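Virtual Cβ from ideal backbone geometry, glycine too; neighbours counted across all protein chains shown. Each answer follows from the model by the rule given with it, or from the source it names; no laboratory instrument gave them.
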Amino acid sequence: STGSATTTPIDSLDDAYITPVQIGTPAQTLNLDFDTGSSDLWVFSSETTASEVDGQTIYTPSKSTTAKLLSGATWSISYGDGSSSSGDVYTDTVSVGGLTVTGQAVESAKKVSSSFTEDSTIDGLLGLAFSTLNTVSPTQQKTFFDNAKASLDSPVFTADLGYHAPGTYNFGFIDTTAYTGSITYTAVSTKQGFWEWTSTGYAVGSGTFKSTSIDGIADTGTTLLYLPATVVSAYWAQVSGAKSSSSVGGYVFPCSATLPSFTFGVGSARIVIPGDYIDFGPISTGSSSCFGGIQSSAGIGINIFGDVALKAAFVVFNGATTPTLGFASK
């Protein structure tokens with residue numbers, strides 16, 4: 001089997017991407033944030049504290065003939081940005097882009113933090129990291145991908161995120177029309193439960209490539225590119241007037257600037273992030289200070305190849321017995 005679904009930016013900045021997902025019988029379609037940095041499929045629901053729902057579409061298990069309470073199971077998750085959610089668990093039929101999994105754990109939120117409430121466009125998350133990170137207790141649950149894997153034509157999914165435009169998540173096949181040149185594959189460590197890999201270096205604009213190992217995670221659920229302070233300082237030093245602002249929470253730059261590109265290495269291959277992808281616009285409405293899309297990972301504890309990086313590539317998440325990651329230009 002295979003699946004193919006379009007993923008759409010939630011706003012004009014590509015802050016996140018939503019993908020329609022069918023849950024239950026008859027189908028209830030919710031728009032979920034596919035997150036390769038976590039491993040829980042959770043939804044706003046009829047059980048979510050009413051004051052914490054503001055415009056989201058909810059899953060109502062009592063209206064699904066295939067929903068079953070997973071008795072005694074609870075979940076609770078905290079994300080890198082400080083947001084969180086928790087609740088109980090149902091199993092139900094879940095379909096993405098025509099690919100159906102029966103018996104998928106659907107984690108129903110009883111509580112969500114303010115950032116979730118305030119984002120009316122995101123109805124929940126669909127985790128695509130390794131199932132070892134799944135938070136369901138006392139019986140850990142599998143991700144949608146892990147449940148689907150055996151049925152897939154090939155044990156892979158691909159992320160093809162757009163810049164200010166829709167893109168695609170495919171399951172079970174590699175669309176050879178969706179990228180240019182060849183795909184370069186690189187080793188993955190699953191030791192921390194992430195799609196963790198080592199970039200071979202970077203360049204700023206038209207500058208020389210610096211060969212240096214940068215361990216990080218491919219994370220579709222993180223907006224920006226978070227890299228070591230040395231690398232980030234080298235990038236922003238090429239933008240007149242750019243500075244790190246403790247008050248704002250990272251590097252800012254004059255909105256009148258033209259940003260240089262940023263290149264990262266994948267083996268001997270190179271992925272180029274155009275400068276425009278690094279512009280996250282005014283820090284507040286009407287400001288002439290703009291927020292940068294490359295930020296320091298210092299104090300996160302891990303480097304994160306988030307959407308800024310991933311949307312410059314066609315990315316293969318190869319879930320074979322020995323997982324790997326592939327990157328192609330597009």
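Scan the stretch 11-37 and report the pairs whose first residue is on the phi > 0 side of the Ramachandran plot and whose second residue is aliphatic (A, V, I, L, M) and outside any strand (DSSP E or B), with Cβ atoms within less than 7 Å and a gap of 6+ or a chain change. Matching pairs, first to second residue: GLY24/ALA67. In the stretch 193-241, the qualifying residues are those that are aromatic (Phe, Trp, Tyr) and not in a loop (DSSP other than H, G, I, E, B), and the one that is surrounded by the fewest Cβ atoms within 10 Å (Cβ to Cβ) is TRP197. Quick check on my filter: what residues within the stretch 283-330 are in a strand (DSSP E or B) and within 17 Å of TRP236 (Cβ to Cβ)? If the condition is that a residue be in a strand (DSSP E or B) and within 17 Å of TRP236 (Cβ to Cβ), then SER289, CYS290, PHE291, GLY292, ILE294, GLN295, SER296, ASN303 are the ones that fit. Tallying residues that are touching a helix residue (DSSP H, G or I) at 6+ places or on another chain (Cβ under 7 Å) and either in the same structural domain as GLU196 (by CATH) or charged (D, E, K, R) (or both) within the stretch 13-59 yields 3. Of all residues in the stretch 121-143, none are touching a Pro at 6+ places or on another chain (Cβ under 9 Å), more than 30 Å from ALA298 (Cα to Cα) and of a type in the set (D, E, K, R). Only one of the listed residues (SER256, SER244) is of a type in the set (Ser, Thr, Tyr), more than 30 Å from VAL156 (Cα to Cα) and part of a strand (DSSP E or B). That residue is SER244. Pairs meeting the criteria (first residue in the stretch 184-197 and of a type in the set (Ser, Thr, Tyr), second residue part of a loop (DSSP other than H, G, I, E, B) and crowded, with 17+ Cβ neighbours inside 10 Å, beta carbons under 6 Å, at least 6 apart or on different chains) are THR190/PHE130. Of everything listed in (1) at positive phi; (2) surrounded by 21 or more Cβ atoms within 10 Å (Cβ to Cβ); (3) within 23 Å of the chain's Cα centre (by Cα), the single unmet condition for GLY82 is (2).
Answer yes or no as to whether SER120 is closer than 30 Å to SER189 by Cβ and touching a residue at least 24 places away in the same chain (Cβ under 8 Å). In short, no. A single entry from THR49, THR36 fulfils the requirement of being surrounded by fewer than 18 Cβ atoms within 10 Å (Cβ to Cβ) and hydroxyl-bearing (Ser, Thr, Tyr): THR49. When the residues of the stretch 5-21 are filtered to those that are over 11 Å from the mean Cα position of the chain (by Cα) and within 17 Å of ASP276 (Cα to Cα), which remaining residue is surrounded by the fewest Cβ atoms within 10 Å (Cβ to Cβ)? Only one residue tops the list, namely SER12. Restricting attention to the stretch 17-43 and to residues that are in a strand (DSSP E or B) and of a type in the set (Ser, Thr, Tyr), the residue that is farthest from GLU107 (Cα to Cα) turns out to be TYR17.
Picking from residues in the stretch 259-271 that are of a type outside the set (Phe, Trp, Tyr) and part of a strand (DSSP E or B), the one that is surrounded by the fewest Cβ atoms within 10 Å (Cβ to Cβ) is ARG270.
If you filter the stretch 52-78 down to residues that are of a type in the set (A, V, I, L, M) and part of a loop (DSSP other than H, G, I, E, B), you find that the one that is surrounded by the most Cβ atoms within 10 Å (Cβ to Cβ) is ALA67.
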